[PDB]
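J.: All I have is the shape, not the residue letters:
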């Protein structure tokens, strides 16, 4: 029958797929996370989940306090700056390390739809 399906009968496209990397890892290809208005009310909420998901008590003391651009030129403050299939770096108290965050890496992560 069909009373009330959760997620298996027609669904609109929303949110944004990003590959999150933790500043200073190199070997770590990062973790993919989805972001929208229904999941995260703001960057602060994302950072909350990011801290827990990317937590490593190594290069990320408090998990994740801020999110920087793949280059680290500027840190994002609003979700409106996060675009689909985007690559971000997690920062807290570091000067951002310019590594092969996506050099020679398979960018087929943003294609699981």
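T.: Sure, I can see it. Residues are numbered from 1 along each chain as shown.

J.: Name the SS class of the spatially most central residue of the chain, please.
T.: With distances taken as CA atoms, centre = their mean, residue 20 lies nearest the centre of the chain, 3.6 Å away. Secondary structure state of residue 20, per DSSP: H, G, I helix; E, B strand; the rest coil, is strand.

J.: and it, bridged to which residues?
T.: residue 31, residue 88 (DSSP bridges).

J.: give the contact list for it.
T.: By CB atoms under 8 Å, 6 or more residues apart in numbering, the contact list for residue 20 reads 30-33, 50, 53-54, 67, 88-90. All C-beta atoms are positioned from the backbone trio N, CA, C, and that covers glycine.

J.: now it: how far from residue 73?
T.: Taking CB to CB, to the nearest Å as the measure, residue 20 falls 17 Å from residue 73.

J.: what do you get for residue 88?
T.: Counting by CB to CB - residue 88 and residue 73 are separated by 12 Å.

J.: try residue 82
T.: Taking CB to CB, one finds residue 82 at 15 Å from residue 73.

J.: ok, how many other residues are close to residue 8?
T.: Neighbourhood size, residue 8 [other CB atoms under 10 Å]: 7.

J.: any idea which helix or strand carries it?
T.: Using DSSP states H and E, no element contains residue 8; it sits outside every helix and strand.

J.: Next, give phi and psi for the residue lying closest to residue 24 once chain neighbours are set aside.
T.: Leaving aside its chain neighbours, residue 24 sits nearest to residue 59 (3.8 Å; criterion: CB to CB, 6 or more residues apart in numbering). Residue 59 adopts backbone torsions of phi -90, psi -10, taken as degrees, to the nearest 10.

J.: can you tell me how far residue 59 sits from residue 80?
T.: Note on residue 59: its distance to residue 80, by CB to CB, is 27 Å.

J.: re the thing from before, out of residue 82 and residue 73, which sits in the busier spot?
T.: Taking neighbours as other CB under 10 Å, residue 82 and residue 73 compare with residue 82 leading, 20 against 8.

J.: which ones are touching the more buried one?
T.: 16, 18, 35, 76, 88.

J.: Since that was my last question, I'll sign off now.
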